[PDB]
**Student:** 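Could you have a look at this structure, given as structure tokens, before my questions?
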Amino acid sequence: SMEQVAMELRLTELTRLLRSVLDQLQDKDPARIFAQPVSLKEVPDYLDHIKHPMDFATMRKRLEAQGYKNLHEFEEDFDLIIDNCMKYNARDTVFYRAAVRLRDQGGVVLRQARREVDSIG
Ligand code: NA
């Protein structure tokens, strides 16, 4: 039905939009600390602390499957990247502090993206 196509076409240009939002977000992680999942070989205990594990590659894989139905589902996985690292690392570490930064630089990017999702529709 034409309604399916109108939804498919809406999903598409949400995912085009989010690709730009993901590329921008990731460019605030130039050290690339969040760009690949934390390894359960290198960190065998991660899962007795961290319940929903996440990184930018995983966000990328899901995205190209057009797996984010709204901006809020995208925001939800980003906050996991951030929130998992803060939880598992002490405040004085490079890791935790990168997580605080990525959140702050990131909020600018997610500000405009809300304005571009509602202006486009
Ligand atoms: Na902690």
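Values below: every heavy atom of this structure, side chains too, minus hydrogens, waters and symmetry copies. One-based numbering, in listed order, for ligands and for the atoms of each. Sequence positions, counted from 1, serve as the residue numbers for this chain.
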**Student:** Using the side chain to side chain donor-acceptor pair (under 3.5 Å) rule, collect all pairs that involve residues 77-91, keeping only residues at least two apart or in two chains.
**Tutor:** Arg62-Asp77, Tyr68-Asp77
**Student:** Specify the closest pair of heavy atoms between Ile33 and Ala98, including all atoms of both residues, with the distance to one decimal.
**Tutor:**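 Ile33 and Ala98 have their closest heavy atoms at CD1-CB, 3.9 Å.
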**Student:** Donor-acceptor check, side chain of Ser119 to backbone of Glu116, threshold 3.5 angstrom: yes or no?
**Tutor:** no
**Student:** Which residue pairs satisfy the side chain to side chain donor-acceptor pair (under 3.5 Å) criterion with at least one member in residues 22-37, sequence neighbours excluded?
**Tutor:**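 Only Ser20-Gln24, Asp23-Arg60, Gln26-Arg60 qualify under side chain to side chain donor-acceptor pair (under 3.5 Å).
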**Student:** Indicate the atoms forming the closest heavy-atom contact of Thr15 with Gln66, along with that distance.
**Tutor:** OG1-CG, 3.7 Å
**Student:** Can you list, by chain and residue number, the protein N, O or S atoms under 3.0 Å from the Na ion (ligand 1)?
**Tutor:**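 Sorted hits: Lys87 O.
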**Student:** Do any N or O atoms from the side chain of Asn70 and from the backbone of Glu73 form a donor-acceptor pair under 3.5 angstrom?
**Tutor:** yes
